[PDB]
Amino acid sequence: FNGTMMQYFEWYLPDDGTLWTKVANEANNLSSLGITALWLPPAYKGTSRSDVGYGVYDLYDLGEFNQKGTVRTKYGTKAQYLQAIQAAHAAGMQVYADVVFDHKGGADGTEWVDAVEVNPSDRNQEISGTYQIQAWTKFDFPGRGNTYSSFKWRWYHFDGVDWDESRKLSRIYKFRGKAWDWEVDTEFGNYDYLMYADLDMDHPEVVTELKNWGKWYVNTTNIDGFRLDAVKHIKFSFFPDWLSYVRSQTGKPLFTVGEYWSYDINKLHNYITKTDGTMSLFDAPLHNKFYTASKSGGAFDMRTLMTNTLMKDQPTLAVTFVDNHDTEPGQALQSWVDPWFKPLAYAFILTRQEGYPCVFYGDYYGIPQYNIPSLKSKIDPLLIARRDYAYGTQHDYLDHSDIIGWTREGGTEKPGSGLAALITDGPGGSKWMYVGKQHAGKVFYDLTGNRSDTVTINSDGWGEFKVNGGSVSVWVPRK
């Protein structure tokens, strides 16, 4: 069985505290379609009840303590979260928990700190003299007390902040005596700083505490791996060290995927080198390819669709996806793949042998905030393709600027498997492709239902497969 991840949230979910309940309720249904892992949103207390979770306040509050004006998180209570994870496990699915280590917001109090303004466009360039600011850096967690952890956060655990409370100024403030961490991404000179209070990953108390929390969190929740937020903004050598610790101390392999958001493939290869292949990365450049192709009116050269992507260059470390909560309309990385192209992108990541694909909750269930209907009826037949048919040796036909395809011969121990896929960003047509001599004489049909004709395999193992305009067909053998 192929591995298939699902990102189990989107940005515009209502703040109604039901998501963990939905996970428990939907787990069996999802697993039956071949989903094997769920990436859950940050599950700990944010700056308010409605925070999506990246505005992390208290890593140890899983919707259990009366903090930031609520007990539950946006998603539910600690008990509902633990129950969600158990339900996924009963359905035979693994759970990857979102980990937010870049910054910390909603401090309980301020501290007076000598600081300097740096340029948002070049954080290596100081643009003021030293002056004293009132920074939101004091974290005491009075709702939790010392349950689980007695560790308190102060100014010196952070490299800087984005707000002076005394003069009410928005600036990127670097604390005097602190430096931006290295290595990090070099966009804007040094991209360590992102929002709220930025963690100083060179501080030993910070490193020890996050290790402490990592081990506690795995043991407490029974999760199976991690989605790491904002890794280009976090010292590169920190995560290999952290993961080695948490993996050894818990005795779990803890699959981990990092969000290194860049469309520059060489930046991703750099990160993977600097982290010794300890984690996979989201294939952001392939997301860009799908976005671009969807908007190009047929003019995109489909022969290039996976050129300079992680799916091509480093397939065992790629988590492939069509869209996520940041690429949704109105969001920070907005780059939304139009619905006409979306099933083709889904077929590309679901039926090919390269990479670990990830289905987006917002695509699957729809996004009511923008009146975006569910694509479940177009995605399900592709999940079935992956679950039952996408096995064995692949042959590639990325050989025409509209119509591209590939085949899977089927696996010697998954009887009935085998497929031939075609997608086109332009007019439809046909393509001869090799599915395997062993399929000579078999009749193949289009599992998507987009086409009603059939394709019979010739005595050499070749079939003349077909696809409609602007569409996808996934041809599989009759039983």
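Heads up: residue numbers just count along the shown sequence, starting at 1.
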{"item": "Stretch exceeding the other in mean C-alpha B-factor - 163-171, 300-308", "value": "163-171"}
{"item": "8-16 versus 454-462 - which carries the larger mean C-alpha B factor in the record", "value": "454-462"}
{"item": "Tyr156, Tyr260, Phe151, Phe188, ranked by C-alpha B-factor: the highest one", "value": "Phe151"}
{"item": "Out of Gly145, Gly366, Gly405, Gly105, highest CA B-factor residue", "value": "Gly145"}
{"item": "Third of the chain, ranked by Cα B-factor, where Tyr346 sits", "value": "lowest"}
{"item": "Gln353 CA temperature factor, ranked by third within the chain", "value": "highest"}
{"item": "Chain-relative CA temperature factor third for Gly416", "value": "highest"}
{"item": "Third of the chain's Cα B-factor distribution that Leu375 belongs to, per the entry", "value": "middle"}
{"item": "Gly214 CA temperature factor, ranked by third within the chain", "value": "middle"}
